[PDB]
Amino acid sequence: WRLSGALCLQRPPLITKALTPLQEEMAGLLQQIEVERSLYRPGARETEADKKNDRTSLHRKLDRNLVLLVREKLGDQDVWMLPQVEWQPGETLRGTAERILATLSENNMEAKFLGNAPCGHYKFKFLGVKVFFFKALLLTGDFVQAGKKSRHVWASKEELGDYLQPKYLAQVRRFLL
Amino acid sequence: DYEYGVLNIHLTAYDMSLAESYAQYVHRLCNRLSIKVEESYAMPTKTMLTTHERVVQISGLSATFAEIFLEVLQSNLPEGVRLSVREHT
Amino acid sequence: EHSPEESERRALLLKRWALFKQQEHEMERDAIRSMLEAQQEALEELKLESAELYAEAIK
RNA sequence: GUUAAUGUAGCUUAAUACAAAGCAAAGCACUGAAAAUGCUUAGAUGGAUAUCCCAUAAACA
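As they're listed, the protein sequences go chains A, B and C. Sequence positions in the first sequence follow full-length UniProt numbering and run 43 to 82, 130 to 215, 225 to 275. Sequence positions in the second sequence follow full-length UniProt numbering and run 84 to 131, 149 to 189. Sequence positions in the third sequence follow full-length UniProt numbering and run 105 to 163.
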C-alpha cells in the first residue's frame with residue numbers, strides 16, 4: 043500500500059469588517075465613561138494591491154482566511170492536490186504534518202499542532227492509496243520563496259471546488275471553515 | 084491519556100471598557116460552547149500612555165473544537181484588540 | 105436624552121444585531137459538530153485500512 | 001433499480017385530541033467573573049396513510 047500524508051493548512055483572517063456607524067457613537071459614549079471609571130513601519134491592510142495575480146504568494150488575501158493548495162505529481166498521476174507528501178508508519182501524523190510544512194513549502198511559517206487526531210481521509214483507487231488531511235492553526239505566516247515554479251495556491255474554499263473536483267478531494271470543505 | 088491544557092487568554096486593549104466588554108463577550112462565547120472559565124483576572128496597567153489587559157481563563161479544548169474557536173474569536177474581534185493564547189503557568 | 109424615535113431606531117438595530125449573532129452561534133455550533141463528526145468519521149476510515157497506523161497517531 | 005437507510009427545531013415515540021408540546025438553547029439589563037434575577041430573541045410536520053411515498057445518502061449497483 044502507498045502511504046501518503048497531506049496537510050490542510052489554515053490561514054487566519056487578519057482584519058474583520060468595519061463596525062457600523064451606529065456602533066461608533068455608542069463606542070464614543072462608552073469611551074468617555076471609560077476614562078472616568080478607569081482604574082489606575131506597519132504593513133498595508135491589504136498587501137495584494139501591487140500583486141493582483143500572486144496566487145503563489147502566501148498573502149493572496151488578508152481580509153479572509155486561506156488554505157494552501159499545491160499542484161503535486163505522483164508516479165502515475167499529475168493532478169492539483171492539497172499539500173501532499175509520502176509518510177511512514179513510524180512517523181506520527183503531527184510528525185508527518187510537520188514534515189509537510191517544511192518539505193513542500195520550505196519556509197519558516199509559524200504553525201502549532203495541538204491535536205494529533207486527523208480530520209479527513211479519502212482514498213483514490215484505480225493500487226490502493228489513501229490521503230491524510232490534517233488541520234492546524236496559523237498565528238502568522240512567513241512564506242519564503244513566494245514565486246516558486248510550483249503552482250502552490252492559498253485558497254480556503256472558493257478555489258477548493260474549482261481545483262479539487264472529485265468528492266474524495268472536494269469534500270475537504272466538510273471540516274473547513 | 085492526554086487532554087488540552089488550560090490556556091489563558093490575555094485580552095490587551097488600550098480601552099478598558101472594550102477589553103471588559105470583549106472579556107464578557109468571549110466568556111459568553113465560552114459558556115455557550117461549554118468552555119469552563121475559572122478566573123477573569125486583570126493585569127496592571129502597561130505604563131510607558150497605558151493599556152489594560154484582562155485575563156479570560158480557558159480550560160478544556162478539542163482538536164476540532166480548538167480550530168473552530170480561534171477563528172470565531174478573530175471574527176468576533178470588534179476593534180483593535182490583540183488576541184493572545186498562552187499556556188497556563 | 106435620547107428621543108423615542110432614536111430609541112426606536114436603536115431598538116431595531118439591537119434586534120438585527122441579536123438576529124445576526126444568534127445565526128452565527130447556530131452556524132458555529134453546527135461547525136463544531138460537523139468538524140467533530142468529520143474528524144470522528146476520519147478516525148474510522150483509516151482504522152479499516154490499518155489500525156496499526158493510528159497507534160502512533162493517538163499518542 | 002435490488003438491499004438499505006432518513007423524512008417534527010439541538011433533544012423527545014410530545015402530539016396527532018382539546019396544542020405542532022415539553023426540554024436544551026439565545027439577546028439585553030444588573031458591572032469583579034459566573035450564577036441567580038428582570039425584560040426579551042429565533043424557530044419544525046420537505047411527507048402520507050393503520051408500509052408505500054418522493055426527496056436525500058450508502059453497500060449491491
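All residues carry an ideal CB built from backbone N, CA and C; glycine is no exception.
Inter-residue CB distance, residue i and residue j (contact presumed, cutoff 8 Å)
{"i": "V174/A", "j": "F231/A", "result": "The pair is not a contact, with the Cβ atoms about 12 Å apart (cut-off 8 Å)."}
{"i": "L190/A", "j": "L258/A", "result": "20 Å between Cβ atoms; not a contact."}
{"i": "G204/A", "j": "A106/B", "result": "Rounded, the Cβ-Cβ distance is 26 Å, inconsistent with contact."}
{"i": "residue 204/B", "j": "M139/C", "result": "Nothing can be reported for residue 204/B, as the shown portion of chain B is limited to 84 through 189."}
{"i": "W169/A", "j": "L158/A", "result": "7 Å"}
Pairwise C-alpha distance: residue j and residue i
{"i": "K233/A", "j": "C208/A", "result": "7 Å"}
{"i": "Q74/A", "j": "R114/C", "result": "20 Å"}
{"i": "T192/A", "j": "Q52/A", "result": "17 Å"}
{"i": "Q127/C", "j": "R44/A", "result": "43 Å"}
{"i": "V155/B", "j": "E195/A", "result": "36 Å"}
{"i": "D165/A", "j": "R144/A", "result": "27 Å"}
{"i": "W121/C", "j": "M131/C", "result": "15 Å"}
{"i": "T58/A", "j": "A135/C", "result": "19 Å"}
{"i": "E67/A", "j": "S107/C", "result": "15 Å"}
{"i": "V242/A", "j": "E112/C", "result": "54 Å"}
{"i": "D139/A", "j": "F273/A", "result": "33 Å"}
Sheet register partners of residue i (DSSP bridge)
{"i": "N91/B", "result": "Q157/B and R186/B"}
{"i": "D167/A", "result": "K162/A"}
{"i": "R53/A", "result": "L155/A"}
{"i": "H210/A", "result": "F230/A"}
{"i": "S46/A", "result": "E175/A and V229/A"}
{"i": "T62/A", "result": "Answer by DSSP bridge pairing: none, since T62/A is not bridged."}
{"i": "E199/A", "result": "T238/A"}
Local Cβ density within 10 Å of residue i, reported as buried at 16 or more and exposed below that
{"i": "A155/C", "result": "exposed"}
{"i": "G245/A", "result": "exposed"}
{"i": "residue 193/B", "result": "Since the first residue of chain B shown is 84 and the last is 189, residue 193/B is not available in this structure."}
{"i": "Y211/A", "result": "buried"}
{"i": "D260/A", "result": "exposed"}
{"i": "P63/A", "result": "exposed"}
{"i": "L225/A", "result": "exposed"}
{"i": "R149/A", "result": "buried"}
Close beta carbons around residue i, own chain, < 7 Å, minus the five adjacent residues each side
{"i": "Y158/C", "result": "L150 and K151"}
{"i": "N154/A", "result": "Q52, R53, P54, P55, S254 and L275"}
{"i": "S159/B", "result": "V89, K119 and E121"}
Residues of its chain near residue i, where Cβ-Cβ distance is below 8 Å and the 5 sequence neighbours each way are ignored
{"i": "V181/B", "result": "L94, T95, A96, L101, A102 and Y105"}
{"i": "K201/A", "result": "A234, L235 and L237"}
{"i": "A268/A", "result": "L258, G259 and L262"}
Residues near residue i by beta carbon distance below 6 Å, same chain, minus five either side
{"i": "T181/A", "result": "none"}
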